[PDB]
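So the structure is just underneath, and the comments pick up after that.
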Amino acid sequence: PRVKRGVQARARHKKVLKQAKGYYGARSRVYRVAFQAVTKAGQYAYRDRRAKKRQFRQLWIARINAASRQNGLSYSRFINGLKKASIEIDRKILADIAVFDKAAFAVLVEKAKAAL
Amino acid sequence: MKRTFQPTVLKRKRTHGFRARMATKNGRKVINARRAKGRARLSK
Amino acid sequence: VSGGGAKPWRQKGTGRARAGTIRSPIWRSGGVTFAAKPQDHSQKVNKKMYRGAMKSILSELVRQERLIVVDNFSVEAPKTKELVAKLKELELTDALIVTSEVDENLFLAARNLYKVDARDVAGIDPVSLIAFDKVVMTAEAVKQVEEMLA
RNA sequence: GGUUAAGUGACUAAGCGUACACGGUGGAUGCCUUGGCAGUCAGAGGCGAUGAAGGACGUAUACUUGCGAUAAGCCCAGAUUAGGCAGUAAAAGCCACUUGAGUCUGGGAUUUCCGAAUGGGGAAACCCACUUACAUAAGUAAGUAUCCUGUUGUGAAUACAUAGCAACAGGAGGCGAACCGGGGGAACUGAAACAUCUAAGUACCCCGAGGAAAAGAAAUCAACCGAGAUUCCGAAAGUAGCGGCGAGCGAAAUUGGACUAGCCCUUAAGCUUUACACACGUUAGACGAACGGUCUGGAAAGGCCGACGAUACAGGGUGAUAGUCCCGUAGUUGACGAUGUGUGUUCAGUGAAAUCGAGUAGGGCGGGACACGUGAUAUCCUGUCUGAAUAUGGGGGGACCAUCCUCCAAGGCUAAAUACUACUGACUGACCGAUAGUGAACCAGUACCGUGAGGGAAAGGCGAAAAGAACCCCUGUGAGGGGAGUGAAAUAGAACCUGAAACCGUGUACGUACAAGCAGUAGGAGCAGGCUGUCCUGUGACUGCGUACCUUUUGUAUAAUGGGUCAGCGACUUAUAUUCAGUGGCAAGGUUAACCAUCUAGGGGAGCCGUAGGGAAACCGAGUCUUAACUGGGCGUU
RNA sequence: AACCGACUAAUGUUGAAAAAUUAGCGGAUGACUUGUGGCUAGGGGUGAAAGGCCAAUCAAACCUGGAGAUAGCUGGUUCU
RNA sequence: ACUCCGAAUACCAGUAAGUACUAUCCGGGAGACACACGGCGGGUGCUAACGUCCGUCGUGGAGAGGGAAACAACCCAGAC
RNA sequence: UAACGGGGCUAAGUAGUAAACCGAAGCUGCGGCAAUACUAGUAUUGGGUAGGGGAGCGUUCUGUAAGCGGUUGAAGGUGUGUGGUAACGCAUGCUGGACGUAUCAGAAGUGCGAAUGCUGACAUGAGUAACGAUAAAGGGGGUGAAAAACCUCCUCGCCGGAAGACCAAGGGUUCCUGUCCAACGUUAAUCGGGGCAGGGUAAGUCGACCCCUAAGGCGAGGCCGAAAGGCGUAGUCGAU
RNA sequence: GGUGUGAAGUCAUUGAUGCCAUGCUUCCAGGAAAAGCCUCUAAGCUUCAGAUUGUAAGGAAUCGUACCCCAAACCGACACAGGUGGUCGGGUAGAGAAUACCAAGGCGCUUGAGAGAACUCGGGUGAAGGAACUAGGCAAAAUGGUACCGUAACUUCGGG
RNA sequence: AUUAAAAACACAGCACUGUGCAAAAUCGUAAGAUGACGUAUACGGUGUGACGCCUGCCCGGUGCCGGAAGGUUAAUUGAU
RNA sequence: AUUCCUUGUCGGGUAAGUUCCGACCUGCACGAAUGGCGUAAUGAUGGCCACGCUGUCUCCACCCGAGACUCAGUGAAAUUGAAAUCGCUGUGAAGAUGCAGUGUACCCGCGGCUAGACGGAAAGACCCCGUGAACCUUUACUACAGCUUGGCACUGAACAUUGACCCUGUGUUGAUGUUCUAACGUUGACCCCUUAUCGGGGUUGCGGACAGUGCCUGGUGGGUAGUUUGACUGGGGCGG
């Protein structure tokens, strides 16, 4: 039997085109360009799911360093202090505390200083 | 510039006409071929 | 396909993709790369494998209570209406009716009935035994099927 | 509160982006098909000088179809019966209504011109004649080809004669898809080059048939037993062989089938004709079962309810999907006449070569065919040159010889089983469904291209019905549109089913005029819509990261290749054989092929594989081979 | 001069034109030029000879067929 | 292209522990037979070349991630 | 600039000592999936081209199926939601207007972004080049919905061995008239070689036909040739 | 529009490439064929048939005939700056069918309107210089008629 | 034909050579043709290229022409 | 039109001359009908010089027209993976809009220019490769046509000479020569078919077993045809 490809052929093309909504120009209109676009978006999305974890930790460390140095200790010394004090609060939390509860951060800094 | 088609009716008939085709075996082969193909025009 | 002798255009120079025939399978109106020709889809079945299957089927009919052995099954006139009645006595609408030999009357009475075939023991097939909801066999036909299938 | 200063900063969008909405373009998809494709079972297997195939030009109150100046017809006989005068295609003028309306079938009649084309000629569809009749005017009709065969006449060079010439009769000629026999006969290619060889006696050209053709009744095989023409099919068997022993080529004996038939040169069987019978079929056709209500809907064939037919539930149609509405179907019937077939019974032929085979068999030389390439090469055919015997004889049995066996060449005819299908009918499809299927679903071998041979398209779909939009309004008495009306539907309005994408617009939200690159991604403010702000949607300032895809490569962002985009189509198949694996059946067995068949059954055992190996082989054989023989050793045994 | 030709230049080169136009240039009673009709045809013709020409094509025309030649080469080869 | 000498390594074999689905054999299916750079030992070259030819190990090829500004082939390290 | 990646640095260089920290898809943690072993749990394993192996998705068609769903709305189209590791599935609004088809099997014209692929459509260049001889127009009037382009008048210019008038060829109605202006006409068009309808071609003397023949063609018999045919006599055609 | 009616209508000169002329002269390369036509007889027919001359009567069919032809109608895909055989050829000037300007007759070439940049094309002029340009005077510029005068080397005695 | 017009081709003249006519030569399997209704002052091939002065040496090679003695040598024949 | 070295050398011409003219002769590598050397005339022929002439040039300027530009109407094109399409230095499949660092940079047209987009166009013609192709060449290979040789056939008779063999001089064969006619040839003549330069038949002459053709056979045979003509290689060839 002879198979016509139309109906399924369109469904594939449409799937990709729907994933390419919002891209500029051909990249949202034309299957050949959109496909390439939706692939590279997936590639970037894979790479960035990893690199998100790096970017966020850099941000926290930068913020903790700011707060520690306002409380008279370097980031490097503060982490050592906390380690020596057996305080296992993550950088994500520390950095949250540095913004939202400055006093608590200072306590932790004072604890850290004592351990050093 | 002189182009290749310089028609005369007489030369068209004496070369490609029906009585010319019919005169020779191979001409008749052409007429039969064209008649088999279904050609409206067998000769020029 | 008709035509396709002449090379569409010269191999080099035109700027076009090289063609050799307007009836390439790439071209609209061209051949099928692998055009079908008439086939024989027949399969060998070994004689023992056919009989084995047939026995397996009859056995399964018995266990499923689809094989209905009757002493006899005859229709008096070639009348559909009569056969429908007889079937209703057996409380079966959809049934293969295997007799030793098919009477004209029973053959004629069964033609216009759908999902009612009258078959002689010779004419029973692996699919028909499966296809019909019940199989009404005359006891003679049973004994004939036994010899037929070994 | 004001002024000044400093800082800060919304509100611009010429344009552009994204998203959404609504459109346009376009014609995908889906559904559909009045056309194709492949078959099966039948038919018929030819048509043509009694003028074909195919055309030209005409023909009714442009083209297609029909017909031929008797021109969509005339006649006749059957059959049929309410409408008919072909279509586009309306009008118009008419005819008919139970049988001269008309239709269907058959058979007659008519049948321009061209075309084998045939009176001669010729640029096919035109031009011009002769003869004889007629006409009297300057016309009409008929006849008038060539060749072959035969028969009559005439009748040269020389008598005879023959040639020649004329008349008459009977044939033939052309066309056609395949099948068939014969005459000629490539190359690419393969051989990983190429010359023998292959491709291949293929393609192609030519001639000649016929419904088939051809072949055919042993100077055949076999093997000391036997068989009994030919053809076709299954095996033997990819075996024996052949082969730059390469590439490749490839039998028979024998055996299973299908079908069967032999008959004559002391004149046959058959074939053809002819009539007479009879059968026997075909050819127009006829009748042909059974359904209501209700619901949904534009419409009912659908649903619900209850019926009814079925030797009929093939199939098609009808406003959706119908056993019961229609056409059909099953079944039952029908042929005046005309055809075909088969039997006899006849006729007149043919077979036919007469009389059992001599320029023959055989030979030499050169070629060719046989599976066989000249090889140790039998056999066959024969261009050339030769040349027997003649049943006390001769041919063959694969160099050759002997013996033995078998057959009787140099004369013929012969059905069936076999091949094919352009054409007619019926039926079938895990065949296509408009880029497919035919090149061609449609006015297609057309348009178009070409001097020509030749090449060769595109192009289906309103609706159930045209109900195809009266009338009004804008406009050029336009195009186009808006109303009105039609319709179930008018974004079904003829640029007409569905109506994708590319592509182009209008509107709305958000962004965007200090900002540098594969245009995203992870994050993220603000704004706008919802829903009710650790929501959803759209947009996305700002930050990090980030040089398309494919191909080809050691290696490509590569400035290497390919792609303007979209849609559609576009590439590991099929047959056969070998092998391995999985699965199933059966198991030291397994399995049948053609063919038959009441036909997926069952028959059918020919054959194949397994069951033993060793050896070049004879042959031996659980062994064998090697060798004088193995202490052995090779392979095998299990 | 006509006519036949085609030496130079410029233009033109998606042309007005698949070979021209413009300005000049050669022959111009001859081995001239031209019309009509003939004949020669593909390993063939024809050539005052350029492998020139044989229908805008020529170190072997064009068409159809062998034919899907062959292509150790290049490209391309479709869902998870 | 000499050797009175002569290692490290490597290889061959044996014994032995522990770790490891390893080694081997017989079948079905391939693909590949253009390699590149880097280290080490060399030939060639100029102890030139992103040169060329071998040996051997690594990476690339067929391997992402981090480093080396950017950087197949370097350093670190193997992405369900 | 251009021989720190830049800023910039006299330490932010070089060497060293101490103790920190940053840093990967490495390791760990937490959740999940898979392969292979073992005994559902363990243990190991899961980068990958050529390539091998395994398991599936979807498409058309056949059976199942006169079943099942469908005008109370099929397929297709277009949104939305939802499910799975994926191919994809499911549901549903709108559109659409009649088909579709579970399940399990069966068979394939079964999946396209590439082939300077093929067909159609539609972009970009771009409202760009160009609108075909630089012989040349100006004006009044007319008709018309509209006049640079048609008609008309007055002027101007151009050809005049032609850009005039005839004929043959070749073409084939293009001729004339009315009407129309969609397409055609490189603009518009009232005009036209465009569309549509009607009309128009008158022969003893022109030409053809015809008589005659040239080159040459064909060619009864003939001669020659595997066949097809070739040549050629008598003839018969053949104008220029 | 229609009909109606209409003057003069001569002479001279010039003069074809048209006609006499298919002539004449001359040359060599030596100049269709066949029929119609005239004539002669043959076989054959001889009150004939025929022939000639004349006079009446009748015929002469058929097919083409439009239109385009230095082209928008043919050949060039185009309403294409090309190609396409023959005939006719007025005036002034002129040797002329050249050329210029005109006649008869026919056209203004089927996009227009503005503007007055670069640059391109086709032209005009140019101070001073004058081939310095360039591969090369390429291209331009220049010369250009008639009559008379006059004219070198060289030469095959023609030339030049 | 459409990038070469020339020094290239042709040419008159020259020379060699073939050719006795059913000519040579060429087209063609053949018939038949051309040559030629010609006949060596003709015809064909080859080269040279108006005209003037001239055109040397070499016959080993390879052609061609002639010579035949001998040697070698096919079909054929068929002695042994 | 030949000369490498080479712009030879000398002379002329010019301020200056690889060209030109004259001449020399160590002619790489002229040379006598592939003619040698001259040669009037001729040439859209090659080289060189001079006068005249000039926008050729110094070195352009101005002007007249047709485009270009603007308005109105019509409306192409090649090209195009997608583009949010900067410079520099560096990097990098080794010459960067796109990478790194950095510098610069508001958004968008229009007229111009062509440096880059290794811009467009044409699957590089160069070069190599393919056990590709074609056509051409020859003392490449193998064939074939044609030509030619002999044998046999169509094809015969007499003699004469002679060879072999045979017997007892004799025959049987073979050559060779002459003669002959009867096959065969005749593209001589005449007759007839027959109105015929074909053909056939008849007659006759001239030839005559020759020629010619078939089969076989040796030779010749680029006239023609099919083909072959290695690989490695610091491209390939040459060499090896």
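Note: hydrogens, waters and symmetry copies are ignored here, and every other heavy atom, side chains too, is used. Letters A, B, ... are given to chains in the order of the sequence lines, protein chains preceding strands, and every chain is numbered from 1.
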Subject >> Side-chain donor/acceptor contact of A/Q36 with base of G/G113 under 3.5 Å >> reply: yes

**OP:** Examine the base of E/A55 for any acceptor or donor lying under 3.5 Å from a partner atom in the side chain of B/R3, and report the outcome as yes or no.
**Re:** no

[X] [atom1] to [N] [atom2], straight-line distance once rounded to whole Å:
X     : N      : atom1 : atom2 : result
B/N26 : G/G230 : CG    : P     : 10 Å
A/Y75 : G/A19  : OH    : P     : 20 Å
A/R2  : G/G111 : CZ    : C1'   : 14 Å
B/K13 : E/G37  : NZ    : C1'   : 17 Å
B/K11 : H/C75  : NZ    : P     : 14 Å
A/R10 : G/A75  : CZ    : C1'   : 17 Å

**OP:** Give one of base, sugar-phosphate or nothing for A/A41, where a contact means two heavy atoms less than 4.0 Å apart.
**Re:** sugar-phosphate

**OP:** For A/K18, report the nucleic acid contact type (base, sugar-phosphate, nothing); a contact means any heavy atom under 4.0 Å.
**Re:** sugar-phosphate

[M] and [N] base-paired, Watson-Crick or G-U, both contacts under 3.5 Å:
N      : M      : result
G/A75  : J/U227 : no
D/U554 : D/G250 : no
J/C71  : J/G174 : no
D/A96  : D/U296 : no
D/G564 : G/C122 : yes
D/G45  : D/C420 : yes

Between [M] and [N], how far apart are the [atom1] atoms? Round to whole Å, please.
N      : M      : atom1 : answer
D/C518 : G/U101 : P     : 47 Å
D/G468 : D/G450 : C1'   : 45 Å
D/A157 : D/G164 : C1'   : 11 Å
D/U374 : D/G241 : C1'   : 15 Å

Subject >> Closest nucleotide among H/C75, G/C22, G/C112 to the B/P7 side chain >> reply: H/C75

Subject >> Distance-only polar pair, side chains of A/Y75 and A/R91, donor-acceptor under 3.5 Å >> reply: yes

**OP:** Positive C1'-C2'-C3'-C4' means north, negative means south, so call it for the sugar of D/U321.
**Re:** south

Original post:
If you take the six-membered rings of G/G141 and G/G142, are their centres closer than 5.5 Å and their planes within less than 30° of each other?
Top reply: yes

Original post:
5' to 3' on RNA chain D, which nucleotides open and close the contacts with chain C (atom under 4.0 Å from a heavy atom)?
Top reply: D/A38 to D/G605

Subject >> Residue met sooner reading RNA chain D from 5', once C/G30 and A/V7 are mapped to nucleotides >> reply: A/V7

Original post:
Under 6.0 Å between ring centres, would you say that holds for A/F105 and A/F100?
Top reply: no

